[PDB]
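Asks: Show me how the following folds:
(9 chains)
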Amino acid sequence: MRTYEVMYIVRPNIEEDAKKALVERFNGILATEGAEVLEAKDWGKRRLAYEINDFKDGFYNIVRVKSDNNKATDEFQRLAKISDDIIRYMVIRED
Amino acid sequence: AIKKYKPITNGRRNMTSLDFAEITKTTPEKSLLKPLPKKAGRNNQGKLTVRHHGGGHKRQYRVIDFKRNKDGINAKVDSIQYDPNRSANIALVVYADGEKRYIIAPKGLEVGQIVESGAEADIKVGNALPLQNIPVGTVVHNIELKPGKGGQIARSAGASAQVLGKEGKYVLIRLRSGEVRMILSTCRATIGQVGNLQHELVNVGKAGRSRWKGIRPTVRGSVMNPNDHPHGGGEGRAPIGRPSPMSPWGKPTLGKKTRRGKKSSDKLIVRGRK
Amino acid sequence: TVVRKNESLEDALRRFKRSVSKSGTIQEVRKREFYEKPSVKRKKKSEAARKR
Amino acid sequence: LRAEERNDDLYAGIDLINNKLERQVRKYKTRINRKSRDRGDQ
Amino acid sequence: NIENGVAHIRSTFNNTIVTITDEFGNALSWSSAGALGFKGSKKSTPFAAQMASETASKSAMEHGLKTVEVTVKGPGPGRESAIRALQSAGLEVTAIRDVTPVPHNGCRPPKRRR
Amino acid sequence: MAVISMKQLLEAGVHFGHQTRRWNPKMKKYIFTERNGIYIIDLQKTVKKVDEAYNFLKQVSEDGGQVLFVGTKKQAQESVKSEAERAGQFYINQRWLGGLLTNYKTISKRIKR
Amino acid sequence: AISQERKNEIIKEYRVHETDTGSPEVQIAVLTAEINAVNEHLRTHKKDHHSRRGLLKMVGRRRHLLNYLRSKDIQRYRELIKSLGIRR
Amino acid sequence: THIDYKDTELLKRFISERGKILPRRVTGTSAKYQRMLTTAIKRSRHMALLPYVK
RNA sequence: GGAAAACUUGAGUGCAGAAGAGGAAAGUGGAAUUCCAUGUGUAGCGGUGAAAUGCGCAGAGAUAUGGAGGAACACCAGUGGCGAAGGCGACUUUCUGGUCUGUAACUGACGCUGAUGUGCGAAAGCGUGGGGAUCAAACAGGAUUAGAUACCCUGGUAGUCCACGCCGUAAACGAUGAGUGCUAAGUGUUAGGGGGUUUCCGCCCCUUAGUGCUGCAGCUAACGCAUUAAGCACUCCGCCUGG
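Replies: Residues are numbered from 1 along each chain as shown, chains lettered A, B, ... in the order given. Below, you will see the structure:
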């Protein structure tokens, strides 16, 4: 009943199956408690405009969630601050 | 955190106690207790060598580990308990290995929370890990001063110390005193601030709560004769009549510094007390 | 933050003197030379807008 | 610096002449003590 | 170390100060207006910047760092007169930046001056 | 970078065309619309043409060839001389002489002059 | 406030006849949903004072309709107190 | 329409030559476009698609 | 005025669209200030109408990286927006209040004002604890002056900030109570609604309700006010009757 669009950024200095291991924990988190992801589109490497945790590049992600609970995405907000890889994150409701 | 007593009595009037809401189990753990007889200011010769100590309430000693040795084994917390022998609370942690032991309870510590005491530990409240592996800036307590001896520093209730920087085989740290000291890098210190923060705020409000603590009353020097104290008797009340206030044994007691210099840790103190 | 080359220094200044005047540096730090009262800047901005 | 009193007491009137004299000097000095003006040249 | 560096000036409302350094800043040489016998309130002049700039630049002498690409970090009267006087030393000023600290309305500034 | 950006390209005013009733039907591909008797040159598509105009003219001078610049419209006469000197190429300001590419065995007879 | 599928549900029981929203007892019931929803919000948010005069105004618009409903038929007023719990 | 905060190219013609915001006085947009713009320019500052200063 | 009915404009709910620094709680983020640690580096820095107190050779300032912490949110930003007032300005999510527009389905005077009462109410204060970066009463010191306890400068405590209880006062001001009608126009602007057009979106056109600036009638003692009345009316409340 509510349409969310998260976007989270990971480190540039990670290898291949370290990257795709971290995206597949979150899309299970972003399916928990009746969340049922529309799709998970992934941008490539972007030269991000300034210097967070003295990095120069980032791998972006776009996951669109259709929930009614706000139980999946605040769980995402809880864990993405804990992990030192996923560097920034932002959910936004679209109406 | 604290309860105020209604003034039903003159001795109960301004007295302010501490409700024990952080305490979850009011019974000690029978295998970690130990007899603690009172040596009321008296040394092995039998005579009183520090004043103002006497008969308080009877106390058991709870053996808690200030050295944190069991590396990489998790430890759930049973309970936060009362300890008469220190200002802080204590925390009965139970290892997955099976052994039970107490640590001093940090500020935010709950039951059912795991605690790792090793070098490959996450930087969380209650975890013990060497000062090399502790990142700069975090507050920390139960600090070892020599590797293996156990934590000694910042250990009373509400005490903490923040890691300031790192020398070759030393780390800088700022004490609750305000003093900046070098502590050897291969020394433990547990992450976080130790709890029971409102211990300093009790108004014990009564001449008898002080006697239950074991604190015998202190007679002033200026109400003595001049063989009991250097501030001994004039006629009537007298001013102290000397260039400085002096102790009962004839040492100047107001302002004069008594740190014994030519000492080994003189190289390690960076900034004095603030 | 503009690089000016292939010329003299008395012409890179002419770029730089108007690449600072079209920026919030000199008019910004002259504003924050002293704390103004939180209801006198609402009139100071009103005088700097009614005159345009 | 001028001042006038039309009293008859020639000791109490000068208590008012010196009052008018002391006021007029302070007018003169604060006129010329506005040298302290922060004027920075270009 | 030869012919690569960063020149830092920050002319405040008093005492134009200049420190030339390398491209990864390590303070090669510096000079001020107070280091030229300007005791007080003569330091807030463009003429003080006419001598203070090159007397750190020409008295660097440790590596021959002869390019500058100056950086401006202060609102002052001798702001552009310290880079004009830097080509009196003649050190190929190639990138002028106004890197001044501008807050995002962060702290409380001090009182008004009556 | 590669192309002219969108801001300064239409600030010059290249989106204007000539008048409707004065139209060539083959230019339908390169017209976005007409507003008040005036046509509107497709601005996104001429960027897709000026880069292709940039691509070969890059590599013509790579061979060392000579590109001729001609301009005779009276409001664009001396805008092509000053750009040929910066390029080091050969310009035309006045009218076409009538054979300076084809009968130039009699024009170079007068460039010899 | 409350959702429309919550709001359209509560106008089914107290409706007097089909397509008669705006009736007094069908707009008191949707108030009592909105009363009970906002002071549960206000229970955990005790500092929200600007939302409190939104509550205190629609308390007043419920009271002015209960006082209205007694003036023309008392037997309908007794049924609404029993259907959804109000005092007085 | 509605400005999406990922569409950087139409969103960075509105940013300044240092990273500031052009006012609608000098750009020429409408009122409700400018403040629907400014809630999208500042979500794009937060996820490093645009700087705060250059 | 009472009673029994009937009506739809007032009032309220529907349905469909919007706009918003309206509140509350929890997260996230960047620039700057201060302090500390370090590298490199050398005599002043700082400050003023002029100086001095202060700071620095136990390496200052300046510069570069990293850290900690508190406070605010540049640009957008506007005689703009929202709220009953006080007031409200980073960003995101949750929870929640109000207004406006349009449609006419529905209820059928359900309305307005409101003594006593009951709740909100800037700052400075007070209490119990936190936290303490800048700023800063009191206070200390240096200059000015004819003189100081003022102005200016260095330093600095409560406070400024958070949580919970209070206090309940401001030039709390549009120095103008609330409600509903009616009475020349011109002109900006806001959310729209339409629109005619379109524009490469541009615009320019008619439309509720806001928000300004001009200006008749009328009003005022005069300034002035003038569809946002201080004009013409009716209701109710607060209040004044020399200093």
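
Asks: Could you use CA atoms for every contact and neighbour count after this?
Replies: Noted.

Asks: of all of chain D, which residue lies closest to chain H?
Replies: residue D:42 (27.9 Å; CA to the nearest CA).

Asks: dump the residue contacts of the residue lying closest to that residue once chain neighbours are set aside.
Replies: Here the nearest residue to residue D:42 in space, its sequence neighbours aside, is residue E:77; by CA to CA, 6 or more residues apart in numbering or on different chains that works out to 7.2 Å. Contact analysis of residue E:77 by CA atoms under 8 Å, 6 or more residues apart in numbering or on different chains lists D:42, E:11-13, E:44-46.

Asks: is it true that residue E:41 touches residue E:14?
Replies: Yes. Counting by CA atoms under 8 Å, residue E:41 does reach residue E:14; the two are 6.9 Å apart.

Asks: more neighbours, the two?
Replies: Counted by other CA atoms under 10 Å in any protein chain shown, residue E:41 and residue E:14 do not tie: residue E:14 has more neighbours, with 17 against 10.

Asks: Please report the distance of the more buried one from chain C.
Replies: 14 Å (CA to the nearest CA, to the nearest Å).

Asks: Ok, residue F:64 next?
Replies: 26 Å.

Asks: and that residue, which of the three is it?
Replies: coil (DSSP: H, G, I helix; E, B strand; the rest coil).

Asks: Go ahead and name everything in contact with stretch B:73-81.
Replies: Contacts for stretch B:73-81 (CA under 8 Å, 6+ apart): B:22-28, B:89-97, B:105, B:110-117.

Asks: make it 6 Å
Replies: B:23-25, B:90-96, B:111-116 (CA atoms under 6 Å, 6 or more residues apart in numbering or on different chains).

Asks: Quick check: buried residues in that stretch?
Replies: Neighbour-count burial for stretch B:73-81 flags B:74-81 (criterion: 16 or more other CA atoms under 10 Å in any protein chain shown).

Asks: and if you look at stretch F:42-55?
Replies: Result for stretch F:42-55 [16+ other CA under 10 Å]: buried residues F:42-43, F:46-47.

Asks: now stretch B:184-204
Replies: B:184-197, B:199, B:204.

Asks: Who are the contact partners of residue G:46?
Replies: No contacts exist for residue G:46 under CA under 6 Å, 6+ apart.

Asks: Can you tell me how far it is from residue E:114?
Replies: When CA to CA, to the nearest Å is the yardstick, residue G:46 and residue E:114 sit 45 Å from each other.

Asks: How about the backbone phi and psi for residue 9?
Replies: In the absence of a named chain, chain A is used. phi -120, psi 140 (degrees, to the nearest 10).

Asks: was after chain E, sorry
Replies: The phi/psi pair for residue E:9 (degrees, to the nearest 10) is phi -120, psi 140.

Asks: how many neighbours does it have?
Replies: There are 25 residues near residue E:9, going by other CA under 10 Å.

Asks: All the helices of chain F, in order from the start?
Replies: Taking DSSP state H as the test, the helices found in chain F are F:6-11, F:43-60, F:81-87, F:108-111.

Asks: The longest one near RNA strand I anywhere?
Replies: I take that to be helix F:43-60. Yes. Shown here: helix F:43-60 in contact with RNA strand I (CA under 7 Å from any atom of the strand) through F:43-44.

Asks: Need the contact partners of that helix.
Replies: So helix F:43-60 is in contact with residue F:3, going by CA under 6 Å, 6+ apart.

Asks: tell me the centre residue of chain G?
Replies: By CA atoms, centre = their mean, chain G has its centre lying nearest to residue G:31, at 2.3 Å.

Asks: show me where the chain has helices.
Replies: Defaulting to chain A. Taking DSSP H as the test, the helices found in chain A are A:16-29, A:73-82.

Asks: Oops, wrong one, chain H.
Replies: Under DSSP H, chain H gives helices at H:8-11, H:24-27, H:31-41, H:43-46.

Asks: Is it possible to get a markdown table of these that adds mean neighbour count and distance to residue E:86?
Replies: Shown next, in a markdown table, are the helices of chain H (neighbours: other CA atoms under 10 Å in any protein chain shown; distance: least, CA to CA, whole Å):
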| stretch | mean neighbour count | distance to residue E:86 |
| --- | --- | --- |
| helix H:8-11 | 14 | 40 |
| helix H:24-27 | 10 | 37 |
| helix H:31-41 | 15 | 40 |
| helix H:43-46 | 17 | 37 |
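
Asks: Compare those and give me the one nearest residue C:17.
Replies: helix H:24-27 (20.9 Å; CA to CA).

Asks: closest point of chain C to chain A, which residue?
Replies: residue C:1 (15.5 Å).

Asks: ok, residue B:204 - contacts?
Replies: With CA under 6 Å, 6+ apart, residue B:204 has these contacts: residue B:15.

Asks: tally of neighbours for residue B:257?
Replies: So residue B:257, with other CA under 10 Å, has 8 neighbours.
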